[PDB]
Amino acid sequence: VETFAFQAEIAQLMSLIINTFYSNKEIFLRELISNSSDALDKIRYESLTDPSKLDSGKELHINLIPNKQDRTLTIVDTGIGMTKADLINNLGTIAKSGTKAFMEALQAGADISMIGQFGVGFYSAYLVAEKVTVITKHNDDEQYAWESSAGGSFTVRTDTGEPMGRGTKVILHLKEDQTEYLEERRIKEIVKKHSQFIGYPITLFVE
Ligand SMILES: Oc1cc(O)c(-c2nnc3ccc(Br)cn23)cc1Cl
């Protein structure tokens with residue numbers, strides 16, 4: 001298991017997300033679903049010039065899986081997945097500018113719900129999660145597990161769990177007072193409100 005420090009600006013953003021009083025927490029789901037849709041768009045486009053990229057799975061979709069026993073909500077997609085370089089360096093590097101812009105906008109009247117306009121919506125996960133675990137598999141790379149409970153660091157390890165094929169699974173370990181996001185009717189409500197026109201099947205599992 002390797003431990004890494006977040007870029008300072010991203011640590012700052014995460015602390016803001018964790019510490020700011022902001023009741024409209026449900027927007028985390030729209031942001032994660034949007035990121036999944038983006039990843040699905042990417043593999044779809046790439047498969048047009050190289051159809052073998054779908055040898056790891058032709059189905060392009062999103063599953064939402066709540067688990068009350070584990071207190072987790074998992075957002076699964078069969079998108080392009082992430083390389084080790086994506087996890088450690090790339091996604092944090094590209095998020096730098098967006099983080100700065102977002103934090104500046106907040107000082108000038110914007111609110112946290114606008115976070116996706118700056119390309120850093122993933123971090124809204126920390127509105128509801130005490131810990132986020134991300135399992136990911138990109139073609140031509142190994143399956144990885146990324147994990148962070150904030151506090152300025154994240155880990156990455158090669159994942160010896162059940163093979164995914166291709167895509168990304170974001171596992172939200174929900175805060176004690178955020179268990180509403182495990183309820184069928186609540187998730188349905190949020191998807192209908194914010195994610196109605198996503199261009200991929202979204203299947204909400206029940207318990
Ligand atoms: O399918 C996906 C779904 C996602 O939420 C993400 C994603 N977007 N931003 C980040 C930041 C860190 C990690 Br670890 C995953 N991210 C990336 C892919 Cl590839």
# chains A, B, ... in the order shown; residues from 1 in each chain; ligands from 1
$ residues_near_ligand --ligand "ligand 1" --cutoff "9 Å" --atoms "only C-alpha atoms and all ligand atoms" --output "PyMOL selection string"
chain A and resi 31-40+42+75-83+86-88+91-92+95+119-123+132-138+145-148+156+167-170
$ residues_around --residues "residue A:207" --least-positions-apart "4" --cutoff "10 Å" --atoms "only C-alpha atoms" --output "JSON, numbers by chain"
{"A": [65, 66, 67, 68, 69, 182, 183, 184]}
$ write_last_selection --atoms "N, CA, C and O atoms" --output "mmCIF file, in the first residue's frame"
data_model
loop_
_atom_site.group_PDB
_atom_site.id
_atom_site.type_symbol
_atom_site.label_atom_id
_atom_site.label_comp_id
_atom_site.auth_asym_id
_atom_site.auth_seq_id
_atom_site.Cartn_x
_atom_site.Cartn_y
_atom_site.Cartn_z
ATOM 1 N N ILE A 65 -25.636 0.960 -6.068
ATOM 2 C CA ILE A 65 -25.844 -0.172 -5.177
ATOM 3 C C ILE A 65 -25.725 0.249 -3.728
ATOM 4 O O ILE A 65 -24.621 0.525 -3.244
ATOM 5 N N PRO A 66 -26.866 0.319 -3.030
ATOM 6 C CA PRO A 66 -26.850 0.649 -1.606
ATOM 7 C C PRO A 66 -26.707 -0.626 -0.781
ATOM 8 O O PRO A 66 -27.209 -1.673 -1.181
ATOM 9 N N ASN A 67 -26.004 -0.540 0.339
ATOM 10 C CA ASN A 67 -25.843 -1.693 1.221
ATOM 11 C C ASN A 67 -25.887 -1.221 2.669
ATOM 12 O O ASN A 67 -24.931 -0.632 3.167
ATOM 13 N N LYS A 68 -27.012 -1.465 3.334
ATOM 14 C CA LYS A 68 -27.227 -0.953 4.685
ATOM 15 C C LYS A 68 -26.336 -1.629 5.717
ATOM 16 O O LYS A 68 -25.917 -0.994 6.678
ATOM 17 N N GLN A 69 -26.049 -2.908 5.509
ATOM 18 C CA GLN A 69 -25.176 -3.658 6.409
ATOM 19 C C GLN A 69 -23.762 -3.070 6.446
ATOM 20 O O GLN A 69 -23.147 -2.973 7.510
ATOM 21 N N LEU A 182 -28.972 5.556 1.494
ATOM 22 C CA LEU A 182 -29.113 4.115 1.309
ATOM 23 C C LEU A 182 -30.553 3.720 0.985
ATOM 24 O O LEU A 182 -30.817 2.554 0.680
ATOM 25 N N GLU A 183 -31.478 4.676 1.072
ATOM 26 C CA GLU A 183 -32.909 4.396 0.890
ATOM 27 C C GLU A 183 -33.330 4.469 -0.567
ATOM 28 O O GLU A 183 -33.032 5.440 -1.257
ATOM 29 N N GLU A 184 -34.052 3.453 -1.030
ATOM 30 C CA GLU A 184 -34.491 3.407 -2.421
ATOM 31 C C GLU A 184 -35.213 4.671 -2.867
ATOM 32 O O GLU A 184 -34.899 5.250 -3.909
#
$ atom_distance --atom1 "atom CA of residue A:125" --atom2 "atom CA of residue A:28"
5.4 Å
$ closest_residue --among "A:140, A:193, A:118, A:63" --to "residue A:106" --atoms "only C-alpha atoms"
A:118
$ select_by_dssp --residues "stretch 3-186 of chain A" --states "strand (DSSP E or B)" --output "mmCIF file with N, CA and C atoms, in the first residue's frame"
data_model
loop_
_atom_site.group_PDB
_atom_site.id
_atom_site.type_symbol
_atom_site.label_atom_id
_atom_site.label_comp_id
_atom_site.auth_asym_id
_atom_site.auth_seq_id
_atom_site.Cartn_x
_atom_site.Cartn_y
_atom_site.Cartn_z
ATOM 1 N N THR A 3 1.153 5.427 0.183
ATOM 2 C CA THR A 3 0.413 6.573 0.718
ATOM 3 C C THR A 3 0.968 7.831 0.069
ATOM 4 N N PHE A 4 0.069 8.713 -0.363
ATOM 5 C CA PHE A 4 0.415 9.921 -1.097
ATOM 6 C C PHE A 4 -0.256 11.119 -0.452
ATOM 7 N N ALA A 5 0.377 12.278 -0.557
ATOM 8 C CA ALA A 5 -0.242 13.512 -0.102
ATOM 9 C C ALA A 5 -1.023 14.097 -1.268
ATOM 10 N N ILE A 62 -24.369 2.263 -15.756
ATOM 11 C CA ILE A 62 -24.100 2.711 -14.387
ATOM 12 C C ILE A 62 -25.026 1.958 -13.436
ATOM 13 N N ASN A 63 -24.466 1.385 -12.371
ATOM 14 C CA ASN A 63 -25.276 0.776 -11.318
ATOM 15 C C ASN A 63 -25.114 1.543 -10.023
ATOM 16 N N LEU A 64 -26.212 1.729 -9.300
ATOM 17 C CA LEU A 64 -26.163 2.336 -7.983
ATOM 18 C C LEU A 64 -26.542 1.263 -6.983
ATOM 19 N N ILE A 65 -25.636 0.960 -6.068
ATOM 20 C CA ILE A 65 -25.844 -0.172 -5.177
ATOM 21 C C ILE A 65 -25.725 0.249 -3.728
ATOM 22 N N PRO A 66 -26.866 0.319 -3.030
ATOM 23 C CA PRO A 66 -26.850 0.649 -1.606
ATOM 24 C C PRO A 66 -26.707 -0.626 -0.781
ATOM 25 N N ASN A 67 -26.004 -0.540 0.339
ATOM 26 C CA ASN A 67 -25.843 -1.693 1.221
ATOM 27 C C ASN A 67 -25.887 -1.221 2.669
ATOM 28 N N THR A 72 -22.722 1.455 2.860
ATOM 29 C CA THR A 72 -22.065 1.967 1.662
ATOM 30 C C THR A 72 -23.072 2.233 0.558
ATOM 31 N N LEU A 73 -22.811 3.280 -0.224
ATOM 32 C CA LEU A 73 -23.485 3.465 -1.508
ATOM 33 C C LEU A 73 -22.403 3.408 -2.567
ATOM 34 N N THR A 74 -22.555 2.490 -3.517
ATOM 35 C CA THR A 74 -21.536 2.289 -4.537
ATOM 36 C C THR A 74 -22.052 2.732 -5.899
ATOM 37 N N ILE A 75 -21.257 3.556 -6.572
ATOM 38 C CA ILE A 75 -21.582 4.002 -7.915
ATOM 39 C C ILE A 75 -20.625 3.267 -8.851
ATOM 40 N N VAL A 76 -21.168 2.328 -9.616
ATOM 41 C CA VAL A 76 -20.372 1.488 -10.504
ATOM 42 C C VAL A 76 -20.581 1.907 -11.953
ATOM 43 N N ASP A 77 -19.497 2.052 -12.715
ATOM 44 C CA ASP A 77 -19.636 2.253 -14.158
ATOM 45 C C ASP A 77 -18.699 1.341 -14.936
ATOM 46 N N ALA A 129 -19.615 11.130 2.696
ATOM 47 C CA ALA A 129 -18.792 9.958 2.989
ATOM 48 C C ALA A 129 -17.681 10.293 3.967
ATOM 49 N N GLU A 130 -17.491 9.442 4.974
ATOM 50 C CA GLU A 130 -16.331 9.550 5.867
ATOM 51 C C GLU A 130 -15.083 8.969 5.201
ATOM 52 N N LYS A 131 -15.292 8.025 4.289
ATOM 53 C CA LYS A 131 -14.204 7.404 3.539
ATOM 54 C C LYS A 131 -14.696 7.048 2.152
ATOM 55 N N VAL A 132 -13.848 7.263 1.152
ATOM 56 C CA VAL A 132 -14.198 6.881 -0.206
ATOM 57 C C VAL A 132 -13.173 5.866 -0.691
ATOM 58 N N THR A 133 -13.649 4.733 -1.197
ATOM 59 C CA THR A 133 -12.787 3.711 -1.775
ATOM 60 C C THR A 133 -13.136 3.579 -3.246
ATOM 61 N N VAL A 134 -12.136 3.679 -4.110
ATOM 62 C CA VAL A 134 -12.400 3.616 -5.543
ATOM 63 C C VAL A 134 -11.638 2.449 -6.153
ATOM 64 N N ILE A 135 -12.375 1.492 -6.708
ATOM 65 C CA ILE A 135 -11.763 0.355 -7.395
ATOM 66 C C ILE A 135 -11.828 0.659 -8.886
ATOM 67 N N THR A 136 -10.743 0.437 -9.611
ATOM 68 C CA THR A 136 -10.748 0.837 -11.008
ATOM 69 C C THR A 136 -9.912 -0.101 -11.865
ATOM 70 N N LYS A 137 -10.350 -0.296 -13.100
ATOM 71 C CA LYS A 137 -9.644 -1.155 -14.046
ATOM 72 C C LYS A 137 -9.655 -0.525 -15.439
ATOM 73 N N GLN A 143 -5.815 -3.835 -11.943
ATOM 74 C CA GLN A 143 -6.907 -3.306 -11.128
ATOM 75 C C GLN A 143 -6.344 -2.666 -9.860
ATOM 76 N N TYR A 144 -6.754 -1.426 -9.586
ATOM 77 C CA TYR A 144 -6.245 -0.680 -8.435
ATOM 78 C C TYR A 144 -7.348 -0.319 -7.459
ATOM 79 N N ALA A 145 -6.966 -0.134 -6.197
ATOM 80 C CA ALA A 145 -7.850 0.428 -5.191
ATOM 81 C C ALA A 145 -7.220 1.715 -4.674
ATOM 82 N N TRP A 146 -7.957 2.815 -4.786
ATOM 83 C CA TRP A 146 -7.563 4.127 -4.265
ATOM 84 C C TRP A 146 -8.442 4.335 -3.062
ATOM 85 N N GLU A 147 -7.945 5.022 -2.043
ATOM 86 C CA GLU A 147 -8.789 5.221 -0.877
ATOM 87 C C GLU A 147 -8.389 6.453 -0.114
ATOM 88 N N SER A 148 -9.363 7.155 0.442
ATOM 89 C CA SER A 148 -9.011 8.294 1.262
ATOM 90 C C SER A 148 -10.102 8.641 2.251
ATOM 91 N N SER A 153 -4.263 12.918 2.760
ATOM 92 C CA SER A 153 -3.557 11.801 2.146
ATOM 93 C C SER A 153 -4.540 10.833 1.511
ATOM 94 N N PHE A 154 -4.036 10.052 0.565
ATOM 95 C CA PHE A 154 -4.795 8.959 -0.028
ATOM 96 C C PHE A 154 -3.862 7.771 -0.231
ATOM 97 N N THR A 155 -4.429 6.580 -0.397
ATOM 98 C CA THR A 155 -3.595 5.423 -0.675
ATOM 99 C C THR A 155 -3.926 4.823 -2.024
ATOM 100 N N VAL A 156 -2.960 4.121 -2.598
ATOM 101 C CA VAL A 156 -3.225 3.325 -3.783
ATOM 102 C C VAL A 156 -2.552 1.972 -3.624
ATOM 103 N N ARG A 157 -3.265 0.906 -3.971
ATOM 104 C CA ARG A 157 -2.648 -0.414 -3.990
ATOM 105 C C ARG A 157 -3.189 -1.195 -5.166
ATOM 106 N N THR A 158 -2.436 -2.193 -5.622
ATOM 107 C CA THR A 158 -2.959 -3.112 -6.622
ATOM 108 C C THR A 158 -4.051 -3.937 -5.942
ATOM 109 N N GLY A 167 -13.640 -0.421 -15.836
ATOM 110 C CA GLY A 167 -14.513 0.596 -15.296
ATOM 111 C C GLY A 167 -14.063 1.065 -13.937
ATOM 112 N N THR A 168 -14.988 1.693 -13.235
ATOM 113 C CA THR A 168 -14.683 2.291 -11.954
ATOM 114 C C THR A 168 -15.856 2.092 -11.008
ATOM 115 N N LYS A 169 -15.527 1.752 -9.777
ATOM 116 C CA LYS A 169 -16.498 1.580 -8.717
ATOM 117 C C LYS A 169 -16.119 2.556 -7.605
ATOM 118 N N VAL A 170 -16.982 3.531 -7.337
ATOM 119 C CA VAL A 170 -16.794 4.476 -6.231
ATOM 120 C C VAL A 170 -17.622 4.044 -5.045
ATOM 121 N N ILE A 171 -16.945 3.612 -3.991
ATOM 122 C CA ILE A 171 -17.638 3.123 -2.809
ATOM 123 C C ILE A 171 -17.662 4.188 -1.729
ATOM 124 N N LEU A 172 -18.853 4.700 -1.438
ATOM 125 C CA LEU A 172 -19.013 5.737 -0.435
ATOM 126 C C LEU A 172 -19.312 5.108 0.926
ATOM 127 N N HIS A 173 -18.364 5.206 1.857
ATOM 128 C CA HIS A 173 -18.618 4.788 3.239
ATOM 129 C C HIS A 173 -19.307 5.961 3.946
ATOM 130 N N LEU A 174 -20.623 5.884 4.068
ATOM 131 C CA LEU A 174 -21.397 7.039 4.483
ATOM 132 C C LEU A 174 -21.194 7.397 5.944
#
